[PDB]
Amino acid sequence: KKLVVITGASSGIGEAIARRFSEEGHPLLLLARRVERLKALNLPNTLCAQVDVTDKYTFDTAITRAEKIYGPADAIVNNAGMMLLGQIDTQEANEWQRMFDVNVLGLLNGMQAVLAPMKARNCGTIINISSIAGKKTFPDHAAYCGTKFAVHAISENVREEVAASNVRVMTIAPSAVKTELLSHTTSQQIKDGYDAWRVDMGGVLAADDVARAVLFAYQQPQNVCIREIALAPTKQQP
């Protein structure tokens, strides 16, 4: 079965997606900075590389040396990302830079790594992990919403342009998923408010709920393109 590359596989949604794709029999390339946590997953058929997705050169290289083993990447899941919440009046400006670097430029690196080849052979699937925050706004999310709307726009724009080469581009837009994400935010008060929101919801999506949707989209015949799947706990409100 065809190689699948997944960024940010070391926890959360990416870990869950790796498990499902492995279990379907795909050989994998998993990319994250915490490369030993990747190894501790113990998946069959399964190259782990220590890669920062904002390092285009290391990124592309890892990919090339994985395709020397498993053939052309038929899919990349651009999943690596971070959420640094804050108010624009006070938030540390370097938090904006880091988020846009991973959530947007990292993802663009991911797309460019595979897009030329996929177009040439008329096959392949780009799956970008956006968010319902790419669709609407949320308190303290200004810069993060910025990255996710950009991801939404980038995805739709590329999808239109590679349609004729029979390449698929997919946007997966989760909300409220139990992962490490919220823990990177700077303000303890924001994290507390967020955690109570999810508690009050009756809890929240499991990473695997996103993973099953990602795999379902991918497993459709090449000629069927699920452009978008948006998902959230049923009880999610404001």
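Residue numbers run from 1 along the displayed sequence.
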property	result
Higher-scoring stretch by recorded Cα B factor average, 131-139 or 149-157	131-139
Higher-B stretch (mean Cα B-factor, as the entry records it), 1-9 or 227-235	1-9
Selection by C-alpha B-factor (highest) of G86, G110, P72, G81	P72
Highest recorded Cα temperature factor - choice among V210, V169, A176, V51	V51
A116 - which third its CA temperature factor falls in, relative to the rest of the chain	middle
